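For reference, the structure is listed below as structure tokens.
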Amino acid sequence: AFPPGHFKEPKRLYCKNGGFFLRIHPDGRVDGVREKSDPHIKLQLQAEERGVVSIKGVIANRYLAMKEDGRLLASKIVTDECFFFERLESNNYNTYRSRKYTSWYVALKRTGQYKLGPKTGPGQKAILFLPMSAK
């Protein structure tokens, strides 16, 4: 389990699959960008209960949501589609698995676009994100 400090400051989430930071855009898009100075990659993780987080784009003021067809979008309201199991894997990257659609992961393709839920799964580079300082 992650300590209280994990939740005290914003983070960038760096994806192993292409080196994209996860971006939540004010325009509702969720995608990846390599540029570390992009304003929309500063994210706030919030614990909903032990091991479960919501992921909010600070500048966008929107929360990451995974829909029933597996799309990612950024939602103005917190709904049950906005909660993810946060787990540290053995390679020291984390995964974020939907608490609602429990086989599917937050993921980015090598193109930078999100990867649809039904195409995700354990062991893929697409699902691995490293939290780091947002400074």
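Naming scheme: A, B, ... for chains in displayed order of the structure tokens; residues 1 onward per chain; ligands 1 onward as shown.
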I'd like the contact shell of segment 94-97 of chain A - 7 Å cut-off, only C-alpha atoms, skipping same-chain residues fewer than 4 positions apart - returned as JSON, numbers by chain. {"A": [84, 85, 86, 87, 88, 89, 102, 104, 105, 106, 127, 128, 129, 130]}
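The shell of residues at most 8 Å from residue 115 of chain A, with only C-alpha atoms counted and near chain neighbours (fewer than 6 positions) removed, consists of residues 71, 106, 107, 108, 109 and 126 of chain A.
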Export of the given selection (N, CA, C and O atoms) as an mmCIF file, in the first residue's frame:
```cif
data_model
loop_
_atom_site.group_PDB
_atom_site.id
_atom_site.type_symbol
_atom_site.label_atom_id
_atom_site.label_comp_id
_atom_site.auth_asym_id
_atom_site.auth_seq_id
_atom_site.Cartn_x
_atom_site.Cartn_y
_atom_site.Cartn_z
ATOM 1 N N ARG A 71 -13.814 3.224 -23.327
ATOM 2 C CA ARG A 71 -13.174 4.521 -23.607
ATOM 3 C C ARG A 71 -12.752 5.176 -22.299
ATOM 4 O O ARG A 71 -13.380 4.953 -21.262
ATOM 5 N N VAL A 106 -6.654 1.315 -17.079
ATOM 6 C CA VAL A 106 -6.210 2.559 -17.741
ATOM 7 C C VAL A 106 -4.951 2.241 -18.534
ATOM 8 O O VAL A 106 -4.026 1.619 -18.004
ATOM 9 N N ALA A 107 -4.862 2.704 -19.800
ATOM 10 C CA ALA A 107 -3.767 2.283 -20.660
ATOM 11 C C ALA A 107 -3.619 3.262 -21.822
ATOM 12 O O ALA A 107 -4.591 3.842 -22.271
ATOM 13 N N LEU A 108 -2.380 3.399 -22.289
ATOM 14 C CA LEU A 108 -2.060 4.207 -23.468
ATOM 15 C C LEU A 108 -1.404 3.305 -24.495
ATOM 16 O O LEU A 108 -0.510 2.523 -24.171
ATOM 17 N N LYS A 109 -1.801 3.509 -25.749
ATOM 18 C CA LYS A 109 -1.165 2.848 -26.883
ATOM 19 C C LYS A 109 0.142 3.539 -27.244
ATOM 20 O O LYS A 109 0.411 4.669 -26.844
ATOM 21 N N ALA A 126 1.315 -1.144 -22.038
ATOM 22 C CA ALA A 126 0.305 -0.089 -22.116
ATOM 23 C C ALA A 126 -0.289 0.264 -20.760
ATOM 24 O O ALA A 126 -0.775 1.381 -20.594
#
```
Selection: 9 Å around residue 76 of chain A, only C-alpha atoms, excl. self and same-chain fewer than 5 positions, as a PyMOL selection string: chain A and resi 28+60-63
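For segment 33-42 of chain A, the set of protein, DNA and RNA residues having any atom at most 8 Å away, when counting only C-alpha atoms and skipping those fewer than 5 positions along the same chain, is residues 10, 11, 12, 13, 18, 19, 20, 21, 22, 23, 24, 25, 26, 57, 58, 59, 60, 112 and 134 of chain A.
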For the residues in that selection, give me C-alpha atoms as an mmCIF file, in the first residue's frame.
```
data_model
loop_
_atom_site.group_PDB
_atom_site.id
_atom_site.type_symbol
_atom_site.label_atom_id
_atom_site.label_comp_id
_atom_site.auth_asym_id
_atom_site.auth_seq_id
_atom_site.Cartn_x
_atom_site.Cartn_y
_atom_site.Cartn_z
ATOM 1 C CA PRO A 10 0.101 16.292 -7.468
ATOM 2 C CA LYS A 11 1.827 13.807 -9.717
ATOM 3 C CA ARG A 12 2.726 13.112 -13.300
ATOM 4 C CA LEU A 13 2.023 9.506 -14.415
ATOM 5 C CA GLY A 18 6.149 5.207 -25.482
ATOM 6 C CA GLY A 19 7.140 7.421 -22.555
ATOM 7 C CA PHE A 20 3.890 9.309 -22.522
ATOM 8 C CA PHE A 21 2.646 11.223 -19.531
ATOM 9 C CA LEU A 22 -1.055 10.693 -18.959
ATOM 10 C CA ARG A 23 -2.906 13.868 -19.947
ATOM 11 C CA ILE A 24 -6.390 14.976 -18.973
ATOM 12 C CA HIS A 25 -7.348 17.852 -21.138
ATOM 13 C CA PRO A 26 -9.948 20.571 -20.362
ATOM 14 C CA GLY A 57 -6.560 16.606 -14.044
ATOM 15 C CA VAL A 58 -5.670 19.683 -11.984
ATOM 16 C CA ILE A 59 -5.943 22.269 -14.793
ATOM 17 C CA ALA A 60 -8.833 20.476 -16.538
ATOM 18 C CA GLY A 112 -0.353 8.164 -27.588
ATOM 19 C CA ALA A 134 4.607 17.251 -10.727
#
```
Long-range neighbours of residue 70 of chain A as a VMD selection string, 8 Å cut-off, only C-alpha atoms, 6 positions minimum in chain: chain A and resid 104 116 to 118
